[PDB]
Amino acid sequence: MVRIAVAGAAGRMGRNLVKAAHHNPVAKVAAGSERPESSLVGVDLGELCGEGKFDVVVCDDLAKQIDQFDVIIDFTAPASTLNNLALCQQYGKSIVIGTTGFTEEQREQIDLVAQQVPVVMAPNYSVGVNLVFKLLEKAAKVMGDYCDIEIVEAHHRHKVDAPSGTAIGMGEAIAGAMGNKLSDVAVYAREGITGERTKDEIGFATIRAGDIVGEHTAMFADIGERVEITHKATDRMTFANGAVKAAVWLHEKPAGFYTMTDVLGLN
């Protein structure tokens, strides 16, 4: 059975991850962390959740509990995740990363550690999104060369990064299937006099409001017609369940950089 440490257990995803891992019968909630300054350190993981009591307490540092768990599920902040990634390297653990907003250099660092550590990383742990990446590739091969490509995403008021990791991933899939690099073509803001749109740009627009769990749309626009491919998540549990599945899959897997495409068999 896989023993799961939930980083950032009081978070939006953290709470859902605890619930999901608990309810998966091939997984045990073995540990949980929060920020050292946090109000919820010392508390039982059942209690914060409010659902009865497990025999586990929220730790201020996962290093203290390394003998209780095999896999970290990390949906936190980039700095905190790099720490947990180091921890995995030092003590031979695995990690499922759902955190987004990494810089280009941090990503490379993750690829490096992933040579030695078994790592699952993805900007979205839902099945739909993974299918959407495949659909985008096919659309881009057929229409990309002749069309304007735009990505639009919406999320709740609390999301700190823009555009979403998923939006960027969408762009990467699109750019990749056309033989380009996203950073060459991406346009993240349009303000004032932008002039005429270039032929190759991939525009990003970002909506932050309410409690939206997550909507994404990739648009391919020609003259006279357009194609839109859209994903809508309505419950975080969709992500959490997929992450826990990833953790189960990852257990006793050789070190490397794995994506949800690998976990699901969607390549």
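Note that residue numbering follows the sequence shown and begins at 1.
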Segment of higher mean CA temperature factor, 52 to 60 or 220 to 228: 52 to 60
Mean temperature factor over C-alpha atoms, higher-scoring stretch between 242 to 250 and 21 to 29: 21 to 29
Among 188, 133, 102, 91 - the residue whose C-alpha B-factor is largest in the record: 91
Top residue by Cα temperature factor, when 207, 202, 41, 212 are compared in the entry: 41
B-factor third for the C-alpha atom of residue 233 within its chain: lowest
Residue 195 - which third its CA temperature factor falls in, relative to the rest of the chain: highest
Modelled-residue ranking by C-alpha temperature factor, third containing residue 177: middle
Third of the chain, ranked by Cα B-factor, where residue 143 sits: middle
Modelled-residue ranking by C-alpha temperature factor, third containing residue 7: lowest
